[PDB]
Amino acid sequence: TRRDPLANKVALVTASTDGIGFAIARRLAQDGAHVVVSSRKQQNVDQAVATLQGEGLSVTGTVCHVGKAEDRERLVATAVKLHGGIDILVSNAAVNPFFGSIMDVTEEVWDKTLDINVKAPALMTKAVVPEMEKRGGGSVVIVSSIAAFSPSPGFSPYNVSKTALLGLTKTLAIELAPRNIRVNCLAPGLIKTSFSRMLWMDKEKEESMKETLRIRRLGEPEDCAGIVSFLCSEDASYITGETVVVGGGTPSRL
């Protein structure tokens, strides 16, 4: 009888009530993990939880705005109470970037983008580390973007923050290695979600982006789910400090 690869593991996935995070949450649970979903809006949490509990998956949810230290610490407490520990963290939140010239980006946009996109995952990782230590180790996946390698103009704050996350991933992987905590990164290309709607709103704009990105199709949320589940599993025990691009062939880096 083939065993579940995340049998008896406990996972937190932030920003997991829609799109990529939701797709990741579902797969981890499909792969045997107890999962706690969260996002900012309680009405988003309930529907995600209802949908996934509808499928017989070990899933519960709570509100957690990753920008709020209270929420982050409460997310960890909820999971530990319910399941007795934490083995996996997937950090997936990002601030919706407004398209504009760097000359029109305000200081408040910079502050919010760096806070939510860069500081928050660092502090969210800090919050889970002691619990992961108790279990003998763990796995962290940070979600950046192809934009880290290939920036488009108009999204400078967002671009910078996703590149920063390549460093956060590398530096945490080295620091947390003695605790047997692996730290990897998912860098999606253009995935069809509400987040990216501006870029596939029109069938003309979808075709224009495909030609620009040198891709045959846009990604779906579930195209990101398998690699994250693999990375979170003991089968990937010799992979740490690694960013995996899931971009359908769009240019990234060697």
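Numbering starts at 1 and runs along the sequence shown.
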Query raised in the report: Looking at the entry, does 98 to 106 or 177 to 185 show the higher mean C-alpha B-factor?
Result: 98 to 106
Report task. Select between 73 to 81 and 138 to 146 the stretch whose C-alpha atoms have the higher average B-factor in the entry. Result -> 73 to 81
Report summary line: Reading the B-factor column for Cα atoms of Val66, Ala225, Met198, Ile215, the highest value belongs to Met198
Report task. Would you please rank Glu234 by its C-alpha temperature factor against the other modelled residues of its chain and give the third it falls in: lowest, middle or highest? Result -> highest
Report summary line: Sorting the chain's modelled residues by C-alpha B-factor and splitting them into thirds places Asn159 in the lowest
Query raised in the report: By the record's CA B-factor, is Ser152 among the lowest, middle or highest third of residues in the chain?
Result: highest
Requested in this report: Determine, from the deposited record, the chain-internal third of the Cα B-factor for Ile191: lowest, middle or highest.
Outcome: lowest
